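Residue strings, one per chain:
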Amino acid sequence: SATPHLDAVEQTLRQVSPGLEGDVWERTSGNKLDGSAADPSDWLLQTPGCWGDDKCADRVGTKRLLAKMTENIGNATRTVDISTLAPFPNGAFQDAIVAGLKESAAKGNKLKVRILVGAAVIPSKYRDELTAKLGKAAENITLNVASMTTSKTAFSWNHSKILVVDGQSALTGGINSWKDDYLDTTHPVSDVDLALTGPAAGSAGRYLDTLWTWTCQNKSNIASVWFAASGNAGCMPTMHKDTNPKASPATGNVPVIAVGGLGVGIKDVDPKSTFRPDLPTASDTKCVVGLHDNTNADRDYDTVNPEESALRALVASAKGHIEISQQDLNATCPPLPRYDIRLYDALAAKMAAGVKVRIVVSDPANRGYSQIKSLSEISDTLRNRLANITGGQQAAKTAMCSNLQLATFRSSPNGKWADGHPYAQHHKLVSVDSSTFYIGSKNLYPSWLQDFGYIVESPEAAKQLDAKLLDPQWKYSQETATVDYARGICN
Ligand SMILES: *[PH-](=O)([O-])[O-]
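Residues numbered from 1 in each chain as written, not as in the entry; some residues may be left out. Heavy atoms only, no water. Residues with missing side-chain atoms left out of burial classes, pairs and counts.

Caption draft 1: Quick look at the packing of aromatic side chains. One pass over the structure, following the stated rule, counts nine aromatic pairs. Judged by centre distance (4.5 Å) and plane angle (10°), the rings of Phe88 and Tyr126 are stacked. In this structure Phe88 comes out as buried when scored by relative accessible area, which is 7%. Aromatic side chains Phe409 and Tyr423 sit 5.9 Å apart centroid to centroid with 75° between the ring planes, which places their arrangement in the edge-to-face category. Placement of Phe409 in the loop between β13 (404-408) and β14 (428-432) and of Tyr423 in the loop between β13 and β14 is noted, with a sequence separation of 14 residues between them. One exposure class covers both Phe409 and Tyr423, and it is buried. Feature note: the residues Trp51, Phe409, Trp417 and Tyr423 constitute an aromatic cluster, connected by ring pairs. (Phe/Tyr/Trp six-rings, centres within 6.5 Å; stacked < 30°, edge-to-face > 60°. Buried < 20%, exposed > 50% of the residue type's maximum accessible area, 1.4 Å probe, protein only. Helix = DSSP H or I, 4+ residues; strand = E, 2+ residues; numbered from the N terminus.)

Encoded structure:
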């Protein structure tokens, strides 16, 4: 096969969540990573994109991100579909949305627009702020704005960050539309989105229809949903299905698996699934006896959260090397378990077989864009899982030290930004074999939210990701490594 990694992930997803194929996960062909002619790698919407500079003077990443948001929205002829984590978009993120909507209206288009946020009077206020800023362009727009929480007890709400236009173009990734953390700051958060076009943008629209179908059903339950619309417009549960072609047009030759999760409180199980997993013998992940652990000890949760299995399968598909860039691998316990046991087992299995693993996380000095005190909380866990498969602790340490790079993130030679604040990173990135990668909103640390992302198999694109993000990251981050097989570092 030309696509061994997607083939493996797809086989796992059809066993885990067959009933959700099409809507919460979907494999498509014929996509394109949507870069410019001048800089074909700039489908990779990293921010701030100021490598080497502790003052972050020339934010080529941020500039491209905002321009691409505006460009995509400005090309809308039918629909604009946005999801994010509250607060609602502000600053130049909001400016980009308003500019794009005005541009589409001026080209003569009438648009349907949905903006959904997850949260713990705000929607009506955002709607009114937006309508005011649109001026006469607002007459051409049917707007739905909503904030939602799907489970209070399981801390579940939307965490996806998606911008889909006409079901044809999609931007998604880790970037929340928060000006103070990303933009108006001399210590900007480092993160990444991707831009694509093609059938996979349709997959995102079907995912958002899934969320809005739940949201509209629960729109009168104040504890769950706060909803606001323009004029006398109703809630639009199936805007994508109703407005865009079921199969989006092809734009390229890139194969993609879209995958998300429904968290807790939308759907309890995929009734079509006959998935029956081997539970790992925990470990020390559940800090307290009373916590219900959806990550490690809830088969039904897996079936409505295919993204967890997809990311573990992506790791399992690697033949040579795996790079992981995250805010964290571990969560704060309580209320979440500290780590995903199956994920750490999958990483251990790969290191035991000589596949190299790089993990870069956000500096614990951020703890907050960090949930650990020390990198030892990651290496100790990996070592302990390795011990189960290498015969003991000494052999585990040897395997780990021979095959691991573990570090905290920097983007320049300085240990912190020039303003004295630590670097914060927020990527949700996994790449394998310079071939296949995930960019999306799903953190690898335990989390029970609605999330979404893309797994792309394209060595060309993967090589661009290496040159533009992963290689510069390791250039500056390697100085903090506690383990680095390539330099014989083993602490
Ligand atoms: P996310 O926006 O919490 O990772």
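Caption draft 2: Here's a closer look at the nonpolar core. In this structure, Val80, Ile359, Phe437 and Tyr454 are the most contacted members of the largest nonpolar core, which totals 127 residues. Of the domains in this structure, domain 1 (1-42 + 253-491) and domain 2 (43-252) are the two that each give at least three residues to this core. (Core = buried A, V, L, I, M, F, W, Y, C linked by side-chain atoms within 4.5 Å. Domains from an automatic or database assignment.)

Caption draft 3: Representation of helix α4 (residues 122-134) within the structure. When the terminal C-alpha atoms of α4 are compared, their 18 Å separation across 13 residues agrees well with the 18 Å that a helix rising 1.5 Å per residue should span. Contacts from the buried residues of α4 go to α3 (91-106), β4 (111-118), β5 (141-148) and β9 (225-229). Looking one or two residues beyond α4, the residue adopting positive phi is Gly135, at roughly 60°. (Expected span 1.5 Å × (residues − 1). Contact = heavy atoms within 4.5 Å.)

Caption draft 4: Examining empty space enclosed by the protein more closely. In this structure, the largest cavity encloses a volume near 160 Å³. For the largest cavity, the lining is made up of 14 residues, of which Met69, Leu163, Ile175, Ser177 and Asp193 are closest to its centre. Of all elements in the fold, only α2 (60-74), β3 (79-85), α3 and β6 (162-165) reach the threshold of two or more residues within the lining of the largest cavity. Sorting elements by how many residues they give to the lining of the largest cavity places β3 first, with three residues. Split by residue class, the lining of the largest cavity holds nine nonpolar, three polar and two charged. (1 Å grid on protein atoms, 1.4 Å probe; cavity = no way out; pocket = protein on both sides within 12 Å on 5 of 7 lines; lining within 4 Å. Points joined across faces, edges and corners; volume = space filled by probe spheres on them. Nonpolar A, V, L, I, M, F, W, Y, C, P; charged D, E, K, R; others polar.)

Caption draft 5: Summary view of the domain arrangement of the chain. Structurally, the chain comprises domain 1 (1-42 + 253-491) and domain 2 (43-252). Using only C-alpha atoms to locate each centre, domain 1 and domain 2 end up separated by 25 Å. Taken over both partners, the interface formed by domain 1 and domain 2 buries close to 5,000 Å², and the fraction arising from carbon and sulfur atoms is 61%. When the buried surface of domain 1 facing domain 2 is broken down by residue, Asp34, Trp417 and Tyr454 rank first, second and third, together holding 14% of it. At the boundary of domain 1 and domain 2, one finds three salt bridges. For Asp34, the salt bridge goes to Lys68, with nearest N and O atoms at 2.8 Å. Here domain 1 is connected to domain 2 by 47 residue pairs in polar contact. Residue assignment for the side of domain 1 that touches domain 2 shows that the elements contributing at least two residues are β1 (25-33), β10 (254-262), β15 (436-440), β16 (450-457) and α13 (459-477). Among the elements that take part in the side of domain 1 that touches domain 2, α13 stands out by supplying eight residues, more than any other. (Buried area = accessible area lost by both parts, 1.4 Å probe. Salt bridge = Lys/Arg side-chain N within 4 Å of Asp/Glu carboxyl O. Polar contact = N/O pair within 3.5 Å; in protein donor to acceptor, adjacent residues only side chain to side chain.)

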